[PDB]
Amino acid sequence: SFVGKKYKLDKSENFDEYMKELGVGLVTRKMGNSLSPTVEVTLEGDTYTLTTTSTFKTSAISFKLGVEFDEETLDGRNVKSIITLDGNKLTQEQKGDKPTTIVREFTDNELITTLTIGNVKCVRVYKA
C-alpha cells in the first residue's frame, strides 16, 4: 500500500535532540536539522529498500523483513537491526549501545515517523 510512494518531510519535533543523543556531531546535527529529506520504501521479490534522500546523500538500505542485519548509524557505528511489519506500521529496532526504535506509520497519504532513543521521542511527519 505504501511501497513506491514518496514522502517529503513536512514537520519535525525533537530531531536535534534525537541526533544529539545518538552522538551526531555539532555540524552534522545542525545541517541535518534544516534538511527536508524524502522517504520511499520499495520492494523487489523478498527484498525491501528504505531510501531516505537529502540534497547531500542517499541512504538506501535493503533488507528482508524480520531478518536481522548489520546497519551503519548516523553517528558512525555498525549495529544489528531488524525491521518488521504489522499492518501499516513498519518498525525498525537497533541493538547495540545506543538502542533505538524507529516506527514508520503510513496512513496512506502521510508518513508519521516516531524515533525513540533514551528519553527522547522525535516525531517527524512526511507527506506524499
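Residues numbered from 1 in each chain as written, not as in the entry; some residues may be left out. Heavy atoms only, no water.

- Per the PDB entry, the chain is named Fatty acid bindin protein, isoform B, and its organism is Drosophila melanogaster.
- Listed as the entry title in the PDB record is "Crystal Structure of Fatty Acid-Binding Protein in Brain Tissue of Drosophila melanogaster without citrate inside".
- Per UniProt, the chain carries the Function (unreviewed entry) text "Binds fatty acids in a 1:1 molar ratio."
- According to its UniProt record, the chain has this under Sequence similarities (unreviewed entry): "Belongs to the calycin superfamily. Fatty-acid binding protein (FABP) family." (UniProt positions renumbered as here; feature names shortened; annotations may be inferred.)

1. Details of the environment of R77
- Locating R77 in the fold gives a position in the loop between strand 5 (69–72) and strand 6 (78–86).
- According to the relative accessible area criterion, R77 is buried, its value standing at 17%.
- When the C-alpha atoms of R77 and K98 are compared, they prove to be 9.5 Å apart, with 21 residues separating the residues in sequence.
- Sequence-distant contacts of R77, defined by excluding residues within four places in its chain, comprise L22, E71, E72, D97 and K98.
- At 3.2 Å, the side chain of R77 and the side chain of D97 are in polar contact. (Helix = DSSP H or I, 4+ residues; strand = E, 2+ residues; numbered from the N terminus. Buried < 20%, exposed > 50% of the residue type's maximum accessible area, 1.4 Å probe, protein only. Contact = heavy atoms within 4.5 Å. Polar contact = N/O pair within 3.5 Å; in protein donor to acceptor, adjacent residues only side chain to side chain.)

2. Details of the packing of helix 1 (residues 15–22) against helix 2 (residues 26–34)
- Between helix 1 and helix 2, the shortest axis-to-axis distance is 9 Å and the interhelical angle comes to 150°. By the angle class used here, helix 1 and helix 2 are roughly antiparallel. Crossing handedness for the pair helix 1 and helix 2: right-handed. Within the contact between the two elements, helix 1 uses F15, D16, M19 and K20 and helix 2 uses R29, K30, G32 and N33. (Axes fitted to C-alpha atoms, helices over the stretch in contact; angles between N-to-C directions. Parallel < 35°, antiparallel > 145°, perpendicular 65-115°, else oblique. Left-handed = near helix turned anticlockwise from the far one by under 90°.)

3. Some details on the environment of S62
- Here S62 is to be found in strand 4 (residues 58–63).
- Take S62: its relative accessible area is 44%, and that puts it in the partly exposed class.
- Between the C-alpha atoms of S62 and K6, which are 56 residues apart in sequence, the distance is 17 Å.
- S62 has contacts with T47, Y48 and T49, leaving out every residue within four places of it along the chain.

4. Quick look at helix 1
- Regarding helix 1, the residues found buried are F15, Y18, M19 and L22. Taken around the axis of helix 1, the buried residues stretch over an arc of 95°, which confines them to a single face. (Arc of directions from axis to C-beta.)

5. Details of a nonpolar patch on the surface
- There is a patch of nonpolar side chains on the surface, built from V27, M31 and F56 and spanning about 330 Å² of accessible area.
- Following the sequence through the fold, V27 ends up in helix 2.
- Looking at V27, the relative accessible area reads 57%, which means it is exposed. (Patch = residues over 30% accessible without salt bridge, like charges linked within 9 Å, V, L, I, M, F, W, Y side chains within 5 Å. Areas by Shrake-Rupley, 256 points an atom, 1.4 Å probe, with all protein chains shown as cover. Salt bridge = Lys/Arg side-chain N within 4 Å of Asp/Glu carboxyl O.)

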